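The chain below stands alone, shown as structure tokens; this is the form deposited in one PDB entry.
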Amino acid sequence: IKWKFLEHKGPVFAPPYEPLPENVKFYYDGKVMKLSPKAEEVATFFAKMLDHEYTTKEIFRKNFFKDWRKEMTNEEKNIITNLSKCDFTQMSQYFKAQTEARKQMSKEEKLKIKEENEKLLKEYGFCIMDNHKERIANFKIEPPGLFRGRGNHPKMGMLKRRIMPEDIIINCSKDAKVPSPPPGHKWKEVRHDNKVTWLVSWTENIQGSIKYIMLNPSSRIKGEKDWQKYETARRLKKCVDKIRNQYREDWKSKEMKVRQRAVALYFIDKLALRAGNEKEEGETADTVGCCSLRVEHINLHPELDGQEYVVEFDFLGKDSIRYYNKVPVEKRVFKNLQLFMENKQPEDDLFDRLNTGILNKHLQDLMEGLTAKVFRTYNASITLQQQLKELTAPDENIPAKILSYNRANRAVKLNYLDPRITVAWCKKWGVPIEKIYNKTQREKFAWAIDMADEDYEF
């Protein structure tokens, strides 16, 4: 269970489309052409992005072009058949202009809207869960627009539709006043599931996944998970030795399987690679993680740059960010990597008999609550802790120590670091927490800030 009482106001739907001004025009093959409202709206999306690289990608241009056409009238389809013939320049000029306008505004102008914004947030940015009011992270529904997929996402440029109340599922307690939908509408459904943490959800049309409206990080519901998250990592700390000794043993098994996971566990532990869940071949942008590494991403070097037994990792991880690395591994690991590449083709899984489910199942068996990602938290937290002891100058000046903080903070993000660690250091050294964590971080880390002392040790 996640709560007992949950009463909130529902989402803020996207502002309705504002038709272009008459003077603002669109040209096709030199000719002028007034676009159907729907076709117009979609075109503005593209127009506002002509100043962006997205518009230079062929995947984007095509995905946009096709989707735009599905919204055109029958005649528009007949005419507009070449993107290269469409002229969005004037539309583009307009929006840029509009943006300039908002920049060149009176303080009188600026303040009004600023207060306008405060009225929405005060009303729709909070909810009541149990005894207290809580802040909501994202209370507005994602506006329609063009999909900004990262990397070579095969769907970038696709049209994200406008979410109606009819697509919205509301969640709140049974005894709560149900938020009423916009006049003339209905929610998709209303449920009272005290097992989930979300207030609102809906299915996004581009990938068919479910989007949710949840609470601020400073939430008890959120905060509590984070607290639990670091605890789990602390527990790994104790069992890591036992764990490292076991997979270090599995490196010599008569079961490539036992060996496949062990090696992967190694990299994860040692290099902090991500689990690597399989992604839909042809529906997503190809990035990989540990378990999903392919033969082609690894290249072994018996000896290299004076280094002996080097593994040359070269692939695209999360967000299509390239991970290149030369890693001197332990012999049995290096060799095992040869065994794993034997008679395989590049386009093949390195860890053919392994997956995140399998791996995590094993980790769980080793310690309840242990999943791959825990190694990233654990590795990051411990490093900062130890680098803080080692680098903090015991007779320092508040600002330089903060440097020490950065230096310690170098070899190691607000996500993989038990905040209590920084909370401890700041007290022991009398460095105001305010000096490291800003208002919001203090908001978010209030729990670590209050339940940890100069004596804290991750």
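From 1 onward, residues are counted along the sequence shown.
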How many missing residues of the deposited sequence lie between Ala424 and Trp425 in the entry, grouped as none, 1 to 3, 4 to 9, or 10 or more?
none
Report the stretch with the higher mean CA temperature factor, choosing between 300 to 308 and 127 to 135 on the basis of the entry.
300 to 308
Segment of higher mean CA temperature factor, 250 to 258 or 187 to 195
250 to 258
Between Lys114, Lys344, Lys279, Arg162, where does the Cα B-factor run highest in the record?
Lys344
Looking at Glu166, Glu142, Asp241, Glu283, which has the biggest Cα B factor in the entry?
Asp241
Please say which third, lowest, middle or highest, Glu231 falls into when its CA temperature factor is compared across its chain.
lowest
Among the modelled residues of its chain, the C-alpha B-factor of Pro328 falls in the third labelled highest
Among all modelled residues of this chain, ranked by Cα B factor, put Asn216 in the bottom, middle or top third, i.e. lowest, middle or highest.
middle
Lowest, middle or highest third of the chain for the C-alpha temperature factor of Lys413?
highest
When the modelled residues of the chain are sorted by Cα temperature factor, does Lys85 land in the lowest, middle or highest third?
highest
